[PDB]
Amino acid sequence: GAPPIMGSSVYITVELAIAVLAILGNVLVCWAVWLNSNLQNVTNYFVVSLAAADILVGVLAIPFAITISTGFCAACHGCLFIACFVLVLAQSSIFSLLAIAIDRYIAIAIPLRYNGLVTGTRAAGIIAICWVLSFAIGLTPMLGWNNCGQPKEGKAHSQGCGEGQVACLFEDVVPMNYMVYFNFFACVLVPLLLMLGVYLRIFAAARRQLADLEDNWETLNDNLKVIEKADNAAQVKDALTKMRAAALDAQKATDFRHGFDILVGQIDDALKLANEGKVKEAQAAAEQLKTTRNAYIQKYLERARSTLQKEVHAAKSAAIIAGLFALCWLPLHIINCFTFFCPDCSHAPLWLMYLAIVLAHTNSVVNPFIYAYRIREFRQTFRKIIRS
């Protein structure tokens, strides 16, 4: 058995490197949101709440992980806090990820009432409530659901611990059924599955709106061909009524107002000539619609299509962050399941344990890179902060 401090030094040095990277990167995120008013929206307030949790990982959680890896002697309830505080930060991350996904669903499904519904003052209260719940969930072992009542006395006497103290080790103070049933399944697995369903609805809503824009565009062009090769006033009237309804739908479904006023007015002109039985005069009046379509309607169709694709792009960025969190945290939770569900399986090796813990801490580093690589406003702001 090699001296423990040797393998400890590699684990401690890697953890300190992660803390430095987590603090710097996420301080840059908060500094960007504080300075740039274009980044000051409800969605980024949860981002700052998410960066706040990751900053606290480097300042407190990682030093707590280094401390509890030594097995030092401590009072059990004080040991519980050092062991469980990272669960509070992880829970706060879950609430901030679920909130971003919900905020993005509201923006894309009901954009007409998003500004009146999702305000800044309400977002601050949600962040405050989600942090209080995160403490309640993460520090639940301190409310009684712990192993403090049954200490490993032989392990404490071998390490010179005093009376009322224990060897502070995670598995000895935090019960595994809490970590598996309460923390992982209920408070981590279920919310992540909810986020997956929310993002499925977002992308499904985005795809449905883009076929609607294209379907009203084809309906506009197809009925124009029908009018040109019609042979009676009733066929011209049938296509004009379906265009007037389709034009109106675009106006509701959202210079813009003037272009549709011309389009509906020109359809009414040809509709009146069709009801009077003047077929040739209605076809010529319907030909004027192509001028309005080229100068107004097509230009609006590429802006509406451009805005939706930007909402899809922002939605994938958010989804990536959520997926990364799961990727970074699943290994640790899966190891807990093997130990809890299979007591006959051999223990997970010590090196693999600290690899999974280090992987879970690395999630506090990755977010600021995603913003830089996927969001122009954050990346531009990062450069300004750095250069200056």
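All residue numbers are counted from 1 along the displayed sequence.
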If you look at the other compared entries where the surrounding residues are built, does residue 255 lack coordinates in a third or more? yes
Please classify the unmodelled stretch of the deposited sequence between residue 254 and residue 255: none, 1 to 3, 4 to 9, or 10 or more residues. 10 or more
Mean C-alpha B factor from the entry: is it higher for 71-79 or for 263-271? 263-271
Once average C-alpha B-factors are taken from the entry for 374-382 and 361-369, the winner is 374-382
Select one of 171, 103, 302, 311: the residue whose C-alpha shows the highest B-factor in the crystal structure entry. 302
Among 92, 146, 219, 177, where is the Cα B factor highest in this entry? 219
On the chain's distribution of Cα B-factors, residue 284 falls within the third called highest
Determine, from the deposited record, the chain-internal third of the Cα B-factor for residue 246: lowest, middle or highest. highest
Third assignment of residue 236 from its chain's C-alpha B-factors: highest
Where does the C-alpha B-factor of residue 127 rank in its chain, lowest, middle or highest third? middle
Third of the chain, ranked by Cα B-factor, where residue 296 sits: highest
